[PDB]
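Engineer: Got a structure here, written out as structure tokens. Questions coming.
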Amino acid sequence: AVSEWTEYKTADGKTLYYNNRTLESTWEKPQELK
């Protein structure tokens, strides 16, 4: 969806936003992606 974070979701319970910022993986939803 967004160019920054990789939207990485599975019904297995995976909420991952991997982005090359620092390689900052946001498992808490950032304000930069809904």
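For the structure tokens, the naming scheme is as follows: chains receive sequential letters (A, B, ...) according to their order of presentation, residues are indexed from 1 within each chain, and ligands are indexed from 1 in presentation order.
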Find the residues near residue 29 (chain A): any atom within 10 Å, counting only C-alpha atoms, skip ones fewer than 3 places away on the same chain, and give them as a tab-separated table (two decimals) with C-alpha atoms, in the first residue's frame.
Structural biologist:
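Printed below is around.tsv as written:
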```
chain	number	residue	atom	x	y	z
A	15	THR	CA	1.43	-7.49	11.99
A	16	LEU	CA	4.76	-6.42	10.56
A	17	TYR	CA	5.85	-3.25	8.86
A	26	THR	CA	6.92	-1.71	13.36
A	32	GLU	CA	2.55	6.65	8.48
A	33	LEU	CA	0.30	3.71	7.56
A	34	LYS	CA	-3.36	3.07	8.35
```
Engineer: Any idea what the distance is between CA of residue 1 (chain A) and CA of residue 30 (chain A)?
Structural biologist: 13.6 Å
Engineer: Just the residues within 12 Å of residue 13 (chain A), please, counting only C-alpha atoms, with nothing from its chain fewer than 4 positions along; format it as JSON, numbers by chain.
Structural biologist: {"A": [8, 9, 27]}
Engineer: With N, CA and C atoms retained, could you export that selection as a PDB file, in the first residue's frame?
Structural biologist:
```pdb
ATOM      1  N   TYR A   8       2.987  -6.625   6.030  1.00  0.00           N
ATOM      2  CA  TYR A   8       3.394  -7.989   6.183  1.00  0.00           C
ATOM      3  C   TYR A   8       2.472  -8.640   7.205  1.00  0.00           C
ATOM      4  N   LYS A   9       1.377  -9.204   6.712  1.00  0.00           N
ATOM      5  CA  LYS A   9       0.293  -9.644   7.576  1.00  0.00           C
ATOM      6  C   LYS A   9      -0.153 -11.068   7.232  1.00  0.00           C
ATOM      7  N   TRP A  27       5.721  -3.353  14.650  1.00  0.00           N
ATOM      8  CA  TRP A  27       4.695  -4.349  14.929  1.00  0.00           C
ATOM      9  C   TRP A  27       3.560  -3.674  15.677  1.00  0.00           C
TER      10      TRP A  27
END
```
Engineer: Would you mind writing down, as an MDAnalysis selection string, each residue of chain A that DSSP on the backbone assigns to strand (DSSP E or B)?
Structural biologist: chainID A and resid 6:10 14:19 24:26
Engineer: Quick one: everything within 12 Å of residue 21 (chain A), counting only C-alpha atoms, minus sequence neighbours fewer than 2 positions away in the same chain. Send it as JSON, numbers by chain.
Structural biologist: {"A": [3, 4, 5, 6, 17, 18, 19, 23, 24, 25, 26]}
